[PDB]
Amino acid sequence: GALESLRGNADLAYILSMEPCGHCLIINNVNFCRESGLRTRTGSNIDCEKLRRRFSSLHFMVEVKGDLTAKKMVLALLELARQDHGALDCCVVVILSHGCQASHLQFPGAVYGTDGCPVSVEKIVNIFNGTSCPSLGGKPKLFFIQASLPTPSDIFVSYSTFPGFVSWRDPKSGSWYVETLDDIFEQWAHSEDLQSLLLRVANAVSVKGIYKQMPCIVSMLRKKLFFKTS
């Protein structure tokens, strides 16, 4: 009875009642220009599709964008924020690309464009601020990253691993993070909230191989997020 009385408590949980839930934008970068020096990302496509599928399961509108340049990425993001989220309860943004640690004020890390030009996670998040995007005002804004005064609110960012470090793959079973995220979400998204799920993910992904991969979270959420399912 408690679980149903919490999930329904609007002061402790973000009520995800609309159908569909919101937009989910997956940006998939695999092929990098020669000058950058970034190795082709084998398997990123199997990951992409797992996620596309998963968030669809979770009732989102998923659009994928493959191989985009720094300038095109920021253009998709501005486009997304430019939308009318009025009738939506949430918004998701996934970025499957190469990355690194970047100097920041609020949100760490940067992600590479197919052109090798970086984009700060921080710049990505803010594109979704209340001024530029009042439709998502007050609503949870999630950010999933598989890499290497408009006060920011309800911003959630998960990192395949603390920026600067290594994310371990396996072109066939998929990268640990995306695979584990898909699995755990499959298992529990119906009875468990976003932060609990990411705990299982982090813990799970933490027991593989020599080098330990360590999924991150940088949150400014006010309530627990329970994904809609079926």
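One-based numbering along the sequence shown.
In this entry, residue 148 is separated from residue 149 by 10 or more residues of the deposited sequence that have no coordinates. As recorded in the PDB entry, 101 to 109 is the stretch of 101 to 109 and 133 to 141 with the greater mean C-alpha temperature factor. With 2 to 10 and 219 to 227 compared on mean CA B-factor from the PDB entry, the stretch scoring higher is 2 to 10.
Between the residues 34, 59, 65, 50, it is 34 that shows the highest Cα B-factor in the PDB record. Of the candidates 190, 54, 169, 200, the PDB record gives 169 the highest C-alpha temperature factor.
Among the modelled residues of the chain, residue 178 sits in the middle third by CA temperature factor in this PDB entry. Per the deposited record, the Cα B-factor of residue 90 falls in the lowest third when ranked against the other modelled residues of its chain. Residue 25: CA B factor lies in the lowest third for its chain, per the PDB record. Remark: residue 161 belongs to the middle third of its chain, ranked by C-alpha B-factor as recorded.
Sort the modelled residues of the chain by CA B factor and residue 84 lands in the middle third.
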